[PDB]
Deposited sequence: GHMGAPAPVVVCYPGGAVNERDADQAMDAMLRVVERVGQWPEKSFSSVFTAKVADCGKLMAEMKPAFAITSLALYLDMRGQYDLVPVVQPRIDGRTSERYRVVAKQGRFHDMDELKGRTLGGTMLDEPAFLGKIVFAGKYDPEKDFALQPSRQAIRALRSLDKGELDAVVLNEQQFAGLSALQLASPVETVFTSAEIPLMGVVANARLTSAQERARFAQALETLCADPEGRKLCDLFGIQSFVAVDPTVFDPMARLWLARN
């Protein structure tokens, strides 16, 4: 890098935070990581994309030591870039989340009854996570359902209310915001799915370098500036982890019908 900041690739799948404020927040996060980890300022810089399709190019080009990706991107790229976890976020005491399929009250009693019906949600653009992980490989979403992707869970839930959609797959945060019309009910709750945090290329980092970054993130949410960043994303803390935390997901990821 010859004195330039080292790149940290951030593949932001999307979320409650708009792209521009999420990108700014990554820069702010790195400034806190540097302070709490006692790096000189501008040791790192964020290379940000909200496009899943560009994540791979950014990884190959920037050759980053550290990155932030979705679980699906990690599982797909882990072998090529010898990726290992650095930290997971803890949210509401848990390092995992559950997805809920909701539908108008009384219409459907199980997912099998939604076969051939139309599904909405914000995580439908990349349906291998929906099929292999959320549904534990019991359904092939593109074959068994009509996936109507949405960019905002509000849009999907409006369509459900109208009757333009039969059910909506919701994250924890989206399921919490439901209250804020037609009666609805949860038709399906996923198993616990681990949360992604930061990862590292183990061919480009030492174990001790990963540990320093991890420890910095473990203390980030206590910092005056870091606290506001963890609030923005609803994060309780970050926790350092070994690779086995995602081994159960790797088993689901390999399964095919």
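Enquirer: Comparing the deposited sequence with the modelled residues, which stretches have no C-alpha coordinates?
Expert: 1, 182-184 are the stretches of the deposited chain that have no C-alpha coordinates in the structure.
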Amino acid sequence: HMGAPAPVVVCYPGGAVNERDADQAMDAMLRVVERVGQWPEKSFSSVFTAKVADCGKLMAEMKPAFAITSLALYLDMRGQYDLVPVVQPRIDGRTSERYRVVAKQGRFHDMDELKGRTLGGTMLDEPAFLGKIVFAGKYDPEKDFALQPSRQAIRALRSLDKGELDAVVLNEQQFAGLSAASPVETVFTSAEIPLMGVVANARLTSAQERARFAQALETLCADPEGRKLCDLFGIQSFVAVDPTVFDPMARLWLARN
From here on, numbers count along this sequence of modelled residues.
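Enquirer: Please compare 97-105 with 181-189 and name the stretch with the higher mean C-alpha B-factor in the deposited structure.
Expert: Per the deposited B-factors, the answer is 181-189.
Enquirer: Can you tell me whether 88-96 has a higher mean C-alpha B factor than 160-168 in this record, or the other way round?
Expert: Of 160-168 and 88-96, the stretch with the higher C-alpha B-factor average is 160-168.
Enquirer: Could you say which of 71, 176, 134, 128 has its CA atom at the highest B factor, as listed in the PDB entry?
Expert: If I rank 71, 176, 134, 128 by C-alpha B-factor, first place goes to 176.
Enquirer: If you compare 202, 221, 26, 53, which has the highest Cα B-factor in the entry?
Expert: Among 202, 221, 26, 53, the highest C-alpha B-factor in the entry belongs to 53.
Enquirer: Using the temperature factors of the C-alpha atoms in this entry, rank residue 234 within its chain: lowest, middle or highest third.
Expert: It falls in the middle third of the chain.
Enquirer: Using the temperature factors of the C-alpha atoms in this entry, rank residue 16 within its chain: lowest, middle or highest third.
Expert: As the PDB entry reports it, the C-alpha B-factor of residue 16 lands in the highest third of its chain.
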